[PDB]
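Chains, contacts and geometry: an overview
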Amino acid sequence: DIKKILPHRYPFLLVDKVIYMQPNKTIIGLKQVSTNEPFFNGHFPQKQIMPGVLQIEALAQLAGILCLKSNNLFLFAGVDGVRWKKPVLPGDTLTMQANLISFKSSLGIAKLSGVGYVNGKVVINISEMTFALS
Amino acid sequence: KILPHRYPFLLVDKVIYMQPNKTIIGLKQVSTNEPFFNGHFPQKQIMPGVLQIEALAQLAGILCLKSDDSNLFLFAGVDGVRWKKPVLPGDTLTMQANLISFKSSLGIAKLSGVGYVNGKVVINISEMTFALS
């Protein structure tokens, strides 16, 4: 990672590594969910899962990395069309991809789509994530 | 009293009003002690919008529960989420969720949600989807 230069109000970076990146178009990243997981902050289950909302966060950070690679602060302003198909468990490798839809500096708004996979299966889809101004 | 929460921490301190099959009002005193606040040492603590979604999702989940007379609601989707203003420790996040639909055949429940701080909207959510089992 060379992404500390990447902003996130959420304490933890949910992308272990970017394994593919095409400026102004798409980005692919990974996260091998462990039994460790700082996010269930010393608090956890009999069956500890990765909350859907954090899957959104991981996709947003990934998307944030792509924008960053296209004096350019981006805040997560909105998200639409998110669908959680299957839960994400420890031992799962969450593969994520974010595709740039638009970037109008006119208003300073970027829209990206996102998908999350586990063993070849879609676990989450995100129609659009919005970013902007600062 | 507690029930079904996949995110480990209940992000609703109090339910101050509730109408079965209609609406629910709840609130949260944002502490500097919040679990999602410790994990990093930033210069300014600001509640992540994503957890604001989760907060409204648990609130809605309660409404779903009290509206069902007999069943398990899994948070399956969310549309039209807009973050208007930052939420800081010390803020009182007031939330309201409204039942939109209860589609028995599709086995899905849909609700809207709004979050405010000092009477000023900080988050809007057009639709939250819940699936059965």
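Residues numbered from 1 in each chain as written, not as in the entry; some residues may be left out. Chains lettered and ligands numbered in written order. Heavy atoms only, no water. Residues with missing side-chain atoms left out of burial classes, pairs and counts.

In its metadata, the entry names X-ray crystallography as the structure determination method and reports 2.40 Å as the resolution.

1. Some words on the overall build of chain A
Selection criterion: Every helix listed is a DSSP run of H or I at least four residues long, and every strand listed is a run of E at least two residues long, numbered separately from the N terminus. Here the globule rule is a power law, 2.2 Å times the number of residues to the power 0.38, and the radius of gyration is based on C-alpha atoms.
A tally of helices and strands in chain A yields 1 helix and 6 strands. When the helices and strands of chain A are read in sequence order from the N terminus, they spell out β-β-α-β-β-β-β. Against the globule reference of 14 Å for 134 residues, chain A gives a C-alpha radius of gyration of 14 Å, in line with a compact fold.

2. Thoughts on the environment of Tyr 117 of chain A
Residue and element names in this part refer to chain A. Heads up, the rule is: By definition in these notes, contact holds between two residues if any of their heavy atoms fall within 4.5 Å.
Here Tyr 117 is to be found in strand β5 (residues 109-118). As for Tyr 117 and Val 88, which are separated by 29 residues in sequence, their C-alpha atoms are 9.5 Å apart. Those residues in contact with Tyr 117 that sit more than four places away from it in its chain are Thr 93, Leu 94, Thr 95, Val 122 and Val 123.

3. Details of the nonpolar core
Quick note on the threshold: We call a set of buried residues a nonpolar core when its members are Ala, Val, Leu, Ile, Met, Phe, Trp, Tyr or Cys and they connect through side-chain atoms within 4.5 Å of each other. Buried means the residue's accessible area, taken with a 1.4 Å probe over protein chains only, is under 20% of the maximum for its type, while exposed means over 50%, and partly exposed covers the values in between.
With 73 residues, the main nonpolar core has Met 129 of chain A together with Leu 51, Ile 53 and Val 78 of chain B as its most contacted residues. Element by element, the count of residues in this core is highest for helix α1 (residues 52-68) of chain A, at 11 residues.

4. Some words on the environment of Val 121 of chain B
All names here are of chain B. Positionally, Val 121 belongs in strand β6 (residues 120-132). Between the C-alpha atom of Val 121 and that of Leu 106, which follows or precedes it by 15 residues, the distance is 32 Å. Leaving out residues up to four positions away in the same chain, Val 121 has contacts with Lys 84, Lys 85, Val 114, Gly 115 and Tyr 116.

5. Regarding the interface of chain B and chain A
Threshold: Two parts lose some accessible area (1.4 Å probe) when they are put together, and adding that loss for both gives the buried area. One speaks of a salt bridge when a side-chain nitrogen belonging to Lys or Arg is within 4 Å of a carboxyl oxygen belonging to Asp or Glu. Residues are sorted three ways: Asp, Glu, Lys and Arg are charged, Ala, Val, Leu, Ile, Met, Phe, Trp, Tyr, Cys and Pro are nonpolar, and all the rest, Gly among them, are polar.
Counting from both sides, the interface comprises 25 residues of chain B and, opposite them, 24 residues of chain A. When the two sides are added together, the surface that chain B and chain A hide from each other amounts to roughly 2,100 Å², 62% of it contributed by carbon and sulfur. Inspection of the region where chain B meets chain A yields 1 salt bridge. Notably, a salt bridge pairs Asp 79 of chain B with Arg 83 of chain A, separated by 2.8 Å at the nearest N-O pair. Only α1 (49-67) and β3 (73-83) of chain B provide two or more residues apiece to the side of chain B that touches chain A. With 9 residues, the single largest contributor to the side of chain B that touches chain A is β3 of chain B. Classifying every residue of the side of chain B that touches chain A by side-chain character gives 15 nonpolar, 6 polar and 4 charged.

6. A look at the pattern of salt bridges
Evaluated as defined, the whole model comprises 5 salt bridges over all chains. Here the residues in one salt-bridge network are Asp 13, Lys 28 and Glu 34 of chain B, joined through shared partners.

7. Considerations on the packing of aromatic side chains
Selection rule: Whether two aromatic rings pair depends on their centres lying within 6.5 Å, for rings of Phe, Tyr and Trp, where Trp uses its six-membered ring; planes under 30 degrees apart make the pair stacked, over 60 edge-to-face, and the rest tilted.
This structure, assessed with the given rule, holds 10 aromatic pairs over all chains. Taking the centre distance of 5.1 Å and the plane angle of 70° together, the rings of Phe 39 of chain A and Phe 40 of chain A count as edge-to-face. Pairing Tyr 7 of chain B with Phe 9 of chain B gives two aromatic rings, centres 5.7 Å apart and planes at 70°, and the pair type is edge-to-face. In this structure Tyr 7 of chain B comes out as buried when scored by relative accessible area, which is 0%. Counting every residue linked through ring pairs, the aromatic cluster contains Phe 39, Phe 40 and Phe 44 of chain A.

8. Digging into the side chain of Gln 48 of chain A
Residues and elements named next belong to chain A. Tracing the backbone through its elements, the reader meets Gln 48 in the loop between β2 (26-32) and α1. According to the relative accessible area criterion, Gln 48 is buried, its value standing at 17%. Excluding anything up to four places from it in sequence, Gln 48 contacts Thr 35, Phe 40, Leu 89 and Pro 90.

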